[PDB]
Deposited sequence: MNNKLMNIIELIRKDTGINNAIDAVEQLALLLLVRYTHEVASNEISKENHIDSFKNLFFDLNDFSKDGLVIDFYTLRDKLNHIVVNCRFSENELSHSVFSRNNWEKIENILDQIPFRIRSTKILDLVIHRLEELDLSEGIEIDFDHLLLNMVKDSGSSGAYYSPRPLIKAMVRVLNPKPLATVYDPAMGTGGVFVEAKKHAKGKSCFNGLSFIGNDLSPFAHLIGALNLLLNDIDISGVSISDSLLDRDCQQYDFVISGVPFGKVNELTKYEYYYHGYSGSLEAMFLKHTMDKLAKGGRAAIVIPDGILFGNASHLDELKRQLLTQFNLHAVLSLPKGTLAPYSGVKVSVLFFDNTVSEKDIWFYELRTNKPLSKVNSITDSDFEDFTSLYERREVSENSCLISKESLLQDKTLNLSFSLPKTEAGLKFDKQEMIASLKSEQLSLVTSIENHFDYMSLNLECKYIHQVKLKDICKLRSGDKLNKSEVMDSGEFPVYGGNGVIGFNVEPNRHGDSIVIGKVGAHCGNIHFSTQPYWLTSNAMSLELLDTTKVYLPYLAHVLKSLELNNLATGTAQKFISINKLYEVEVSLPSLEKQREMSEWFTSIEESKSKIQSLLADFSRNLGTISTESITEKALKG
């Protein structure tokens, strides 16, 4: 609020990069004032040893160079028993971050605005309002900044023990340490690092304003290990991959394509101590299955560290800086023997541009973090299941119907309904002429002998060898009774007289009788099978409680047959019309019940809302 007027005061001389140069200059002046205003009460007090105040900026006109020398002089008098011991860190930022204001009129107004600020519980909550108002106005400023509601929820589910050392590979603005201190308000050995000098200035300044030690904060390359050691907690919002100048610079990180979110994932795994929990925000593009070079990373991560929870964050949570979809892993080292919890966050409206993510949307995730089974927006997935798949994909989804497409497919069934019956109609009207050469009897043409009764020794579901009973094919015994591939007829069943033709050897049950022709020069077995089927042999049977056909009564059956040339022509006509009858009636039965379910469920569609 007050800091926004300072940004508006910084105007013409830079006058090109109002977005970040103004924030960079403010943080440069604000940090210089912090050291000066802290040094005033540290050893100066009043009159015992007096210190010139706010005279370095306008020393001699403007001389920002002379300010650096007088600032050192103030600290020299202070060193007579943070900030002061590691003064090299604060002195280095002055080297890296240069002053750019060259107007006395403009500089005169900002420095007088600076002394008005009260650093006792005031500048803190006006600096984050400035930081938040900067990334929405500049977009690119969101590279070093992550949503505070995200950080607040991440550090809450972490629950850092007082005896812990929180570490951030990319400390950025230091928002994680601010939330970690706020979470444990009612200390932690904070460690940080960063590459861009502006974020190092913003991060170090913001940690000082919240009265957090900046002894662990530094400026270096996190991907380049040099020599480092693990830490108890590792929480970060890692960036996105690029190799503009770093194409050949990260040689020892072999396998990676220069992906920051992937290389930092390897960094956080190396820098996570035994028993230490972690939470890293990563984009969804690097947890997919097609990431071949990253499949090794996910494989070792899922094998060693206990990745037990992933949160789906809507696209794009990460501000106007990027619209990508992100997610936060929760691998806590230790043992990986636990299934992965999954929460899917949903908001009232798409975010990023305006009305961004809030801490109210994370309320459900915080409460249900350790309760695995939660309804609607969360679930549990198995570890070994996705590890056993071809590619390791970490983009999880929730595991949790009458339409007008049914009539569309039901119309297709009607298309096939008439397709075959019209073909069946006109194929029945051929009336191929034929004359019978013989008029023989079943007595003197074939051999009718029934088989014996099997004691249900074998009745396999499948087999290369069949068995025929009173009706149909039941059983698959390995021993044949009738080696001939002939015709069998039911005898003792209620469906006796059924004509079944066998193309292969089989065994004959006592409930049926085998027909084997005496002379192959007279009859074609399939023609005889149809003409025996046409005679309706069930009338021949007699009995009260059961129907039975006698072997003698079958011998006395007369059958008229034509020539072999015609028998095969008629059998092929007889068999084709029969197959169409069985198929068309079968499709009619399927079509009959399918129209019933389509008509009922369509009625229930408009009578029930659910």
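Unmodelled stretches of the deposited sequence, numbered from 1? Absent from the structure are positions 1 to 2, 63 to 69, 91 to 98, 204 to 208, 423 to 428.
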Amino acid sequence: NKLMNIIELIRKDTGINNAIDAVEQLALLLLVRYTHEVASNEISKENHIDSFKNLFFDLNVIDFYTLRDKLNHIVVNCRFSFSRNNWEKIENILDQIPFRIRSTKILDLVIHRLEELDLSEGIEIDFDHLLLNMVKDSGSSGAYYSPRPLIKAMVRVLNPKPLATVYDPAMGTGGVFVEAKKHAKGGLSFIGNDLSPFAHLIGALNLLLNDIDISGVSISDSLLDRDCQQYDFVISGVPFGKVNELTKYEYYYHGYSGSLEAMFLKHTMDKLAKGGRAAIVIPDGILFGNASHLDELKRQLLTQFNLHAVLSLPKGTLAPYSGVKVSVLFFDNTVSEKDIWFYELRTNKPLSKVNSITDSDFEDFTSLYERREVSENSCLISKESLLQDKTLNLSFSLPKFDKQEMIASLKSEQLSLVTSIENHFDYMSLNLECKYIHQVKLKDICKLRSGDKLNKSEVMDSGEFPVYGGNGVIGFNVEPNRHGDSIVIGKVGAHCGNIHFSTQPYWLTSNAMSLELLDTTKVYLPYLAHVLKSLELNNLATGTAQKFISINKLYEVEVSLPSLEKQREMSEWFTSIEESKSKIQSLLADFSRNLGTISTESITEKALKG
From here on, numbers count along this sequence of modelled residues.
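May I ask you to compare 7 to 15 and 582 to 590 by their mean CA B factor in the entry and name the higher one? Comparing 7 to 15 with 582 to 590, the higher mean C-alpha B-factor belongs to 7 to 15.
Residue stretch of maximal mean CA temperature factor, 513 to 521 vs 312 to 320: If you average the C-alpha B-factors of 513 to 521 and of 312 to 320, the larger mean comes out for 513 to 521.
Check the PDB entry and point out which of 150, 273, 78, 531 has the largest C-alpha temperature factor. Out of 150, 273, 78, 531, the record gives the largest C-alpha B-factor to 78.
Given 351, 492, 166, 535, the residue at which the Cα B factor reaches its maximum: The record points to 351.
Using only modelled residues of the chain, where does the Cα B factor of residue 27 rank: lowest third, middle third or highest third? Lowest third.
Where the record places residue 577 (Cα B-factor, split into thirds across the chain): Ranked within chain, residue 577 CA B lands in the lowest tercile.
Sort the modelled residues of this chain by their C-alpha B factor and say whether residue 232 lands in the lowest, middle or highest third. For residue 232, the deposited C-alpha B-factor lands in the lowest third.
Record-listed C-alpha B factor of residue 252: chain third: It belongs to the highest third of the chain when residues are ordered by C-alpha B-factor.
Considering only modelled residues of the same chain, in which third does the CA B-factor of residue 194 rank: lowest, middle or highest? CA B-factor rank for residue 194: lowest third.
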